[PDB]
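Visitor: Okay, here's the structure, questions in a sec.
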Amino acid sequence: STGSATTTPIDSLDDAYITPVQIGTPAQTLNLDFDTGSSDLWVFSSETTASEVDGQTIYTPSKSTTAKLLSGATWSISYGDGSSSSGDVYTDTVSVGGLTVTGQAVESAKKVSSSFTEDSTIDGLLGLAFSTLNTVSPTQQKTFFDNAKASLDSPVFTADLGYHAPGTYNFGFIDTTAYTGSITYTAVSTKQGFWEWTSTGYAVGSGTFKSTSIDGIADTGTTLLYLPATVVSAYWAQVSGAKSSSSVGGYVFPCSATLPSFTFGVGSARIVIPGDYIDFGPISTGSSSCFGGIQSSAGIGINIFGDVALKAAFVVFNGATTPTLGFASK
């Protein structure tokens with residue numbers, strides 16, 4: 001089997017991407033944030049504290065003839081940006097782009113933090129990291145990809161995120177028309193539950209390539225590119241007037257600037273992030289100070305190849321017995 005679904009930026013800055021997901025019988029369609037940095041499929045629901053729902057589409061398990069309460073199971077998760085959610089668990093039928101999993105754990109939110117409430121466009125998350133990170137207790141549950149894997153034509157999914165435009169998540173096949181040149185594959189460590197890999201270095205604009213190992217995660221659920229402070233300083237030094245602002249919470253730059261590109265290494269191959277991808281617009285409405293898309297990972301504890309990086313590539317998440325990651329230009 002295979003599946004194919006379009007993923008759509010939630011706003012004009014590509015702050016996140018939503019993908020429609022069919023849950024239950026009859027289908028209840030929710031727009032979920034596909035997140036290769038976590039491993040829980042959780043949704044806004046009829047159980048969510050009413051004051052914490054503000055415009056989201058909810059899952060109502062009592063209206064699904066295939067929903068079954070997973071007795072005694074609870075979940076609770078906290079993300080790197082400080083947001084959180086928690087609740088109980090149903091199993092139900094879940095389909096993405098034509099690909100169907102029966103008995104998928106659908107984690108029903110009883111509580112969500114303010115950032116989730118305030119984002120009316122995201123109805124929940126669909127985790128695509130390794131199932132070892134799944135938070136359901138006392139019986140850990142598998143991701144949608146993990147459940148679908150054996151049935152897929154090939155045990156892979158691909159992320160093809162757009163810049164200020166829709167893109168595609170495919171399951172079970174590699175669309176050879178979706179990228180240019182060849183796909184370069186690189187080793188993955190699953191030791192922390194992530195799609196963790198080592199970039200071979202970077203370049204700023206038309207500058208020379210710096211060969212240096214950068215360990216980080218491929219994370220579709222993180223907006224920006226978080227890299228070591230040395231790397232980030234070298235980038236923003238090429239932008240007149242750019243500075244790190246503790247009050248804003250990262251590097252800002254004059255909105256009048258033309259940003260240089262940023263290149264990262266995948267083995268001997270090179271992925272180029274156009275400068276425009278690194279612009280996240282005014283820090284507040286009407287400001288001439290703009291927020292940067294490349295930020296320091298210092299104090300995160302891990303480097304993150306978030307959407308800023310991934311949307312510059314066609315990315316293969318290979319879930320073979322020994323997982324790997326593939327990157328192609330497009």
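As shown in the structure tokens, the chain order sets the letters A, B, ...; within each chain, residues go from 1, and ligands are also counted from 1 in the order they appear.
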Quick one: residues within 8 Å of residue 290 (chain A), only C-alpha atoms counted, chain neighbours fewer than 4 positions away excluded, as a list in words?
Guide: residues 252, 253, 254, 255, 279, 280, 281, 282 and 283 of chain A
Visitor: Produce a file of the selected residues containing N, CA and C atoms, as a short mmCIF file (atom, residue, chain, number, x, y, z; two decimals), in the first residue's frame.
Guide:
data_model
loop_
_atom_site.label_atom_id
_atom_site.label_comp_id
_atom_site.auth_asym_id
_atom_site.auth_seq_id
_atom_site.Cartn_x
_atom_site.Cartn_y
_atom_site.Cartn_z
N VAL A 252 17.86 38.81 15.32
CA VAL A 252 16.99 39.68 14.53
C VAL A 252 17.86 40.41 13.52
N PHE A 253 17.21 40.94 12.49
CA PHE A 253 17.92 41.64 11.43
C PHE A 253 17.02 42.70 10.82
N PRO A 254 17.63 43.73 10.23
CA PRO A 254 16.81 44.76 9.60
C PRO A 254 15.98 44.18 8.47
N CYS A 255 14.70 44.51 8.43
CA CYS A 255 13.82 43.93 7.44
C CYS A 255 14.22 44.37 6.03
N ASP A 279 13.89 34.38 6.38
CA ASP A 279 13.16 35.57 6.85
C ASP A 279 11.83 35.18 7.52
N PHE A 280 11.68 35.45 8.82
CA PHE A 280 10.40 35.15 9.48
C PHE A 280 9.66 36.41 9.89
N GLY A 281 9.99 37.51 9.21
CA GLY A 281 9.18 38.71 9.24
C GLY A 281 9.28 39.53 10.50
N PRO A 282 8.52 40.62 10.54
CA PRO A 282 8.63 41.55 11.66
C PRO A 282 8.42 40.88 13.02
N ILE A 283 9.18 41.31 14.03
CA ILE A 283 9.09 40.68 15.35
C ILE A 283 7.73 40.97 15.97
#
Visitor: Residues at most 6 Å from region 152-164 of chain A, counting only C-alpha atoms, excluding those fewer than 3 positions away in the same chain, as number ranges by chain?
Guide: A: 1-2, 149, 167-173, 311, 314-320
Visitor: Would you export the selected residues with N, CA and C atoms as a PDB file, in the first residue's frame, please?
Guide:
ATOM      1  N   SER A   1       0.855  -1.217   0.000  1.00  0.00           N
ATOM      2  CA  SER A   1       0.000   0.000   0.000  1.00  0.00           C
ATOM      3  C   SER A   1       0.867   1.234   0.000  1.00  0.00           C
ATOM      4  N   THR A   2       0.239   2.361  -0.311  1.00  0.00           N
ATOM      5  CA  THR A   2       0.890   3.663  -0.260  1.00  0.00           C
ATOM      6  C   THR A   2      -0.135   4.690   0.190  1.00  0.00           C
ATOM      7  N   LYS A 149       3.879   0.260   8.483  1.00  0.00           N
ATOM      8  CA  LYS A 149       5.147  -0.109   7.847  1.00  0.00           C
ATOM      9  C   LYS A 149       5.121  -1.412   7.043  1.00  0.00           C
ATOM     10  N   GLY A 167       2.929  21.351  -0.059  1.00  0.00           N
ATOM     11  CA  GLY A 167       3.840  20.267  -0.383  1.00  0.00           C
ATOM     12  C   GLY A 167       3.154  18.947  -0.107  1.00  0.00           C
ATOM     13  N   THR A 168       3.959  17.909   0.123  1.00  0.00           N
ATOM     14  CA  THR A 168       3.466  16.541   0.122  1.00  0.00           C
ATOM     15  C   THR A 168       4.162  15.651   1.146  1.00  0.00           C
ATOM     16  N   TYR A 169       3.364  14.845   1.862  1.00  0.00           N
ATOM     17  CA  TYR A 169       3.884  13.693   2.592  1.00  0.00           C
ATOM     18  C   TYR A 169       3.466  12.429   1.841  1.00  0.00           C
ATOM     19  N   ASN A 170       4.438  11.592   1.464  1.00  0.00           N
ATOM     20  CA  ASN A 170       4.138  10.300   0.859  1.00  0.00           C
ATOM     21  C   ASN A 170       4.549   9.181   1.807  1.00  0.00           C
ATOM     22  N   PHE A 171       3.770   8.106   1.774  1.00  0.00           N
ATOM     23  CA  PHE A 171       4.051   6.908   2.541  1.00  0.00           C
ATOM     24  C   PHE A 171       4.173   5.711   1.620  1.00  0.00           C
ATOM     25  N   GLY A 172       5.278   4.985   1.746  1.00  0.00           N
ATOM     26  CA  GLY A 172       5.432   3.736   1.032  1.00  0.00           C
ATOM     27  C   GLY A 172       6.073   3.790  -0.331  1.00  0.00           C
ATOM     28  N   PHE A 173       6.418   4.974  -0.817  1.00  0.00           N
ATOM     29  CA  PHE A 173       7.079   5.097  -2.103  1.00  0.00           C
ATOM     30  C   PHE A 173       7.835   6.406  -2.201  1.00  0.00           C
ATOM     31  N   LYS A 311      12.510  22.159   4.166  1.00  0.00           N
ATOM     32  CA  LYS A 311      11.724  22.601   3.005  1.00  0.00           C
ATOM     33  C   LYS A 311      12.594  22.923   1.781  1.00  0.00           C
ATOM     34  N   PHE A 314      14.011  17.448  -0.687  1.00  0.00           N
ATOM     35  CA  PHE A 314      13.153  16.298  -0.677  1.00  0.00           C
ATOM     36  C   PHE A 314      13.805  15.326   0.298  1.00  0.00           C
ATOM     37  N   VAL A 315      13.068  14.930   1.334  1.00  0.00           N
ATOM     38  CA  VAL A 315      13.649  14.182   2.438  1.00  0.00           C
ATOM     39  C   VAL A 315      12.980  12.828   2.576  1.00  0.00           C
ATOM     40  N   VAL A 316      13.824  11.794   2.578  1.00  0.00           N
ATOM     41  CA  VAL A 316      13.377  10.421   2.728  1.00  0.00           C
ATOM     42  C   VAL A 316      13.641   9.944   4.145  1.00  0.00           C
ATOM     43  N   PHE A 317      12.582   9.520   4.817  1.00  0.00           N
ATOM     44  CA  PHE A 317      12.682   8.897   6.117  1.00  0.00           C
ATOM     45  C   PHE A 317      12.565   7.386   5.904  1.00  0.00           C
ATOM     46  N   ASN A 318      13.723   6.721   5.873  1.00  0.00           N
ATOM     47  CA  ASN A 318      13.788   5.304   5.546  1.00  0.00           C
ATOM     48  C   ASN A 318      13.735   4.458   6.816  1.00  0.00           C
ATOM     49  N   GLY A 319      12.616   3.752   6.988  1.00  0.00           N
ATOM     50  CA  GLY A 319      12.341   2.958   8.177  1.00  0.00           C
ATOM     51  C   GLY A 319      12.640   1.477   8.002  1.00  0.00           C
ATOM     52  N   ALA A 320      13.619   1.186   7.161  1.00  0.00           N
ATOM     53  CA  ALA A 320      14.179  -0.157   7.082  1.00  0.00           C
ATOM     54  C   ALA A 320      14.742  -0.596   8.439  1.00  0.00           C
TER      55      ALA A 320
END
Visitor: Pick out the closest residue to residue 116 (chain A) from this set: A:66, A:56, A:143, A:95. Count only C-alpha atoms.
Guide: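 Between A:66, A:56, A:143, A:95, the residue approaching residue 116 (chain A) most closely is A:56.
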Visitor: Find the residues around residue 308 (chain A) up to 12 Å (only C-alpha atoms counted), leave out those fewer than 4 positions away in its own chain, and share them as a VMD selection string.
Guide: chain A and resid 13 to 17 161 to 164 218 to 227 261 to 264 271 to 280 292 to 295 304 312 to 313
Visitor: If you keep N, CA, C and O atoms, can you produce a file of those selected residues as a compact mmCIF listing (two decimals), in the first residue's frame?
Guide:
# COMPACT_ATOMS: atom_id res chain seq x y z
N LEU A 13 4.08 32.75 6.92
CA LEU A 13 5.47 32.58 7.33
C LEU A 13 5.93 31.12 7.33
O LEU A 13 7.08 30.85 7.64
N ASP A 14 5.03 30.20 7.01
CA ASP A 14 5.33 28.76 7.13
C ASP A 14 5.68 28.37 8.57
O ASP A 14 6.62 27.60 8.80
N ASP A 15 4.95 28.89 9.54
CA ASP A 15 5.26 28.59 10.93
C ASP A 15 5.07 27.11 11.26
O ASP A 15 5.74 26.56 12.14
N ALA A 16 4.17 26.46 10.52
CA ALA A 16 3.96 25.03 10.65
C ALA A 16 3.15 24.59 9.44
O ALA A 16 2.69 25.42 8.66
N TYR A 17 3.00 23.28 9.29
CA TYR A 17 2.28 22.70 8.17
C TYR A 17 1.20 21.76 8.69
O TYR A 17 1.43 21.00 9.64
N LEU A 161 8.24 19.60 1.88
CA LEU A 161 7.61 20.82 2.35
C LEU A 161 7.86 21.97 1.40
O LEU A 161 8.96 22.13 0.87
N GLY A 162 6.83 22.79 1.23
CA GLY A 162 6.91 23.93 0.35
C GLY A 162 7.33 25.19 1.06
O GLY A 162 7.12 25.36 2.24
N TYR A 163 7.95 26.09 0.30
CA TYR A 163 8.23 27.44 0.74
C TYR A 163 7.06 28.31 0.32
O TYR A 163 6.84 28.54 -0.87
N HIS A 164 6.32 28.79 1.31
CA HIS A 164 5.16 29.64 1.07
C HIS A 164 4.22 28.97 0.07
O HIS A 164 3.59 29.64 -0.75
N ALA A 218 16.30 15.60 12.14
CA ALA A 218 15.37 16.03 11.11
C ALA A 218 13.99 16.12 11.74
O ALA A 218 13.38 15.08 12.05
N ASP A 219 13.51 17.36 11.91
CA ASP A 219 12.30 17.58 12.71
C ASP A 219 11.27 18.47 12.01
O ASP A 219 11.36 19.71 12.05
N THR A 220 10.30 17.84 11.36
CA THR A 220 9.28 18.60 10.64
C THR A 220 8.38 19.42 11.57
O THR A 220 7.68 20.34 11.10
N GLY A 221 8.38 19.11 12.86
CA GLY A 221 7.54 19.81 13.81
C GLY A 221 8.18 21.03 14.45
O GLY A 221 7.57 21.67 15.30
N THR A 222 9.40 21.34 14.04
CA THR A 222 10.09 22.55 14.49
C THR A 222 10.19 23.50 13.30
O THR A 222 10.58 23.08 12.21
N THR A 223 9.83 24.76 13.49
CA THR A 223 9.82 25.74 12.41
C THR A 223 11.19 26.10 11.88
O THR A 223 11.40 26.17 10.67
N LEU A 224 12.12 26.38 12.79
CA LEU A 224 13.39 26.99 12.41
C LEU A 224 14.55 26.01 12.39
O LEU A 224 14.40 24.84 12.70
N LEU A 225 15.70 26.53 11.98
CA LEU A 225 16.96 25.78 11.92
C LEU A 225 17.80 26.19 13.12
O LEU A 225 18.22 27.35 13.21
N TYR A 226 18.05 25.24 14.01
CA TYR A 226 18.80 25.50 15.24
C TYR A 226 20.15 24.81 15.17
O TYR A 226 20.21 23.58 15.12
N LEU A 227 21.22 25.61 15.16
CA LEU A 227 22.58 25.10 14.96
C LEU A 227 23.53 25.67 16.01
O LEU A 227 23.14 26.56 16.75
N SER A 261 22.14 32.95 1.37
CA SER A 261 21.76 31.56 1.49
C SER A 261 22.58 30.86 2.58
O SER A 261 23.57 31.39 3.08
N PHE A 262 22.12 29.68 2.95
CA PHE A 262 22.85 28.81 3.87
C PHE A 262 22.86 27.42 3.29
O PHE A 262 21.82 26.87 2.98
N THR A 263 24.05 26.85 3.17
CA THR A 263 24.23 25.50 2.65
C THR A 263 24.58 24.53 3.77
O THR A 263 25.43 24.86 4.61
N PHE A 264 23.93 23.36 3.81
CA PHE A 264 24.39 22.31 4.72
C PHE A 264 24.78 21.04 3.97
O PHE A 264 24.28 20.75 2.88
N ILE A 271 22.88 20.86 0.29
CA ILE A 271 21.54 21.41 0.21
C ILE A 271 21.62 22.92 0.46
O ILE A 271 22.17 23.35 1.49
N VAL A 272 21.06 23.71 -0.45
CA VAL A 272 21.10 25.16 -0.36
C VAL A 272 19.74 25.71 0.07
O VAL A 272 18.74 25.53 -0.60
N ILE A 273 19.75 26.40 1.21
CA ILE A 273 18.59 27.12 1.73
C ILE A 273 18.68 28.55 1.20
O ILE A 273 19.60 29.26 1.61
N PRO A 274 17.75 28.96 0.32
CA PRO A 274 17.76 30.36 -0.15
C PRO A 274 17.57 31.33 1.00
O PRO A 274 16.88 31.03 1.96
N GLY A 275 18.21 32.48 0.88
CA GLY A 275 18.12 33.49 1.91
C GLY A 275 16.69 33.83 2.31
O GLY A 275 16.41 34.05 3.49
N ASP A 276 15.77 33.87 1.34
CA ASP A 276 14.39 34.26 1.65
C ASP A 276 13.72 33.27 2.62
O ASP A 276 12.81 33.64 3.35
N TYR A 277 14.19 32.03 2.64
CA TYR A 277 13.63 31.02 3.54
C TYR A 277 13.93 31.34 5.01
O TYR A 277 13.31 30.76 5.92
N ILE A 278 14.92 32.19 5.22
CA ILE A 278 15.46 32.48 6.55
C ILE A 278 14.78 33.74 7.15
O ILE A 278 15.03 34.10 8.30
N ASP A 279 13.89 34.38 6.38
CA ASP A 279 13.16 35.57 6.85
C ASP A 279 11.83 35.18 7.52
O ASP A 279 10.95 34.64 6.85
N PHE A 280 11.68 35.45 8.82
CA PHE A 280 10.40 35.15 9.48
C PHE A 280 9.66 36.41 9.89
O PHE A 280 8.79 36.37 10.74
N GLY A 292 15.05 36.09 12.63
CA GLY A 292 15.82 35.17 11.82
C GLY A 292 15.37 33.73 11.87
O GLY A 292 14.88 33.25 12.89
N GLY A 293 15.55 33.03 10.75
CA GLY A 293 15.17 31.62 10.65
C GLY A 293 16.25 30.61 11.03
O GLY A 293 15.99 29.42 11.04
N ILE A 294 17.45 31.12 11.28
CA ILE A 294 18.58 30.34 11.79
C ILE A 294 18.88 30.88 13.18
O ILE A 294 19.13 32.07 13.34
N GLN A 295 18.85 29.99 14.17
CA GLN A 295 18.99 30.41 15.56
C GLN A 295 19.92 29.45 16.27
O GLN A 295 20.16 28.34 15.80
N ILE A 304 18.75 21.16 15.61
CA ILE A 304 17.48 20.79 14.97
C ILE A 304 17.42 21.31 13.53
O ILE A 304 17.36 22.53 13.28
N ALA A 312 13.91 23.02 1.99
CA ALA A 312 14.85 23.17 0.88
C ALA A 312 15.21 21.85 0.20
O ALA A 312 15.96 21.85 -0.77
N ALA A 313 14.66 20.75 0.70
CA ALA A 313 15.02 19.43 0.21
C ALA A 313 13.81 18.52 0.06
O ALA A 313 12.73 18.76 0.60
Visitor: Got a sec: who's within 10 Å of residue 49 (chain A), counting only C-alpha atoms, leaving out chain neighbours fewer than 4 positions off, as an MDAnalysis selection string?
Guide: chainID A and resid 44:45 53 109:112
Visitor: Kindly give the distance, in Å, that separates CA of residue 100 (chain A) and CA of residue 40 (chain A), rounded to a single decimal.
Guide: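 Going from CA of residue 100 (chain A) over to CA of residue 40 (chain A), I get 17.2 Å.
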Visitor: Calculated over only C-alpha atoms, which of the candidates A:98, A:201, A:267, A:20 has the smallest distance to residue 7 (chain A)?
Guide: A:20
Visitor: Can you check which residues of region 87-278 of chain A DSSP gives as strand (DSSP E) on the backbone and send them as a count of residues only?
Guide: 81
Visitor: May I have the residues within 6 Å of residue 132 (chain A) as a list in words, using only C-alpha atoms and disregarding those fewer than 2 positions away in the same chain?
Guide: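 Residues meeting the cut-off are residues 130, 134 and 193 of chain A.
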Visitor: Got a sec to tell me which of region 88-252 of chain A DSSP assigns to alpha helix (DSSP H), as a list in words?
Guide: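 Those in region 88-252 of chain A that DSSP calls alpha helix (DSSP H) are residues 114, 115, 116, 117, 144, 145, 146, 147, 148, 229, 230, 231, 232, 233, 234, 235 and 236 of chain A.
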Visitor: If you keep N, CA and C atoms, can you produce a file of those selected residues as a compact mmCIF listing (two decimals), in the first residue's frame?
Guide:
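As a result, result_19.txt now contains:
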# COMPACT_ATOMS: atom_id res chain seq x y z
N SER A 114 -1.62 26.79 26.41
CA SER A 114 -2.18 27.96 25.75
C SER A 114 -1.74 28.09 24.30
N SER A 115 -0.51 27.71 23.97
CA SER A 115 -0.06 27.88 22.59
C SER A 115 -0.88 27.02 21.63
N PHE A 116 -1.40 25.89 22.11
CA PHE A 116 -2.20 25.02 21.25
C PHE A 116 -3.59 25.64 21.08
N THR A 117 -4.17 26.07 22.19
CA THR A 117 -5.46 26.74 22.17
C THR A 117 -5.45 27.92 21.21
N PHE A 144 1.75 5.97 13.73
CA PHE A 144 1.02 5.65 12.51
C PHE A 144 1.96 4.97 11.52
N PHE A 145 3.17 5.52 11.35
CA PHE A 145 4.14 4.94 10.41
C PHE A 145 4.55 3.54 10.84
N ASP A 146 4.83 3.36 12.13
CA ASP A 146 5.18 2.05 12.65
C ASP A 146 4.09 1.02 12.36
N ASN A 147 2.83 1.41 12.57
CA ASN A 147 1.70 0.51 12.33
C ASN A 147 1.53 0.19 10.84
N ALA A 148 1.80 1.16 9.98
CA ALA A 148 1.58 0.98 8.54
C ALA A 148 2.71 0.25 7.86
N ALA A 229 26.23 27.75 18.17
CA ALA A 229 26.37 29.20 18.21
C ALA A 229 27.46 29.71 17.27
N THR A 230 28.54 28.95 17.13
CA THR A 230 29.61 29.32 16.18
C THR A 230 29.09 29.46 14.75
N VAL A 231 28.32 28.48 14.31
CA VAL A 231 27.75 28.45 12.96
C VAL A 231 26.78 29.61 12.75
N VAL A 232 25.89 29.80 13.72
CA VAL A 232 24.87 30.83 13.63
C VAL A 232 25.49 32.23 13.63
N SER A 233 26.52 32.44 14.45
CA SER A 233 27.25 33.71 14.46
C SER A 233 27.87 33.98 13.09
N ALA A 234 28.49 32.95 12.50
CA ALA A 234 29.11 33.11 11.19
C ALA A 234 28.06 33.50 10.13
N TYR A 235 26.85 32.95 10.25
CA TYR A 235 25.80 33.31 9.29
C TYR A 235 25.40 34.79 9.45
N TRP A 236 25.03 35.18 10.66
CA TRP A 236 24.42 36.49 10.83
C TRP A 236 25.46 37.61 10.74
Visitor: Might you pull out every residue within 9 Å of residue 64 (chain A), with only C-alpha atoms counted and same-chain residues fewer than 6 positions away left off, and present them as a VMD selection string?
Guide: chain A and resid 23 to 28 92
Visitor: So that I can check the surroundings of residue 42 (chain A), please list as a ChimeraX atom specification every protein, DNA and RNA residue that reaches within 6 Å of it, counting only C-alpha atoms and ignoring chain neighbours fewer than 3 positions away.
Guide: /A:106-108,124-125
Visitor: Have a look at CA of residue 288 (chain A) and CA of residue 251 (chain A) and let me know their distance in Å, one decimal.
Guide: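 CA of residue 251 (chain A) lies at a distance of 13.7 Å from CA of residue 288 (chain A).
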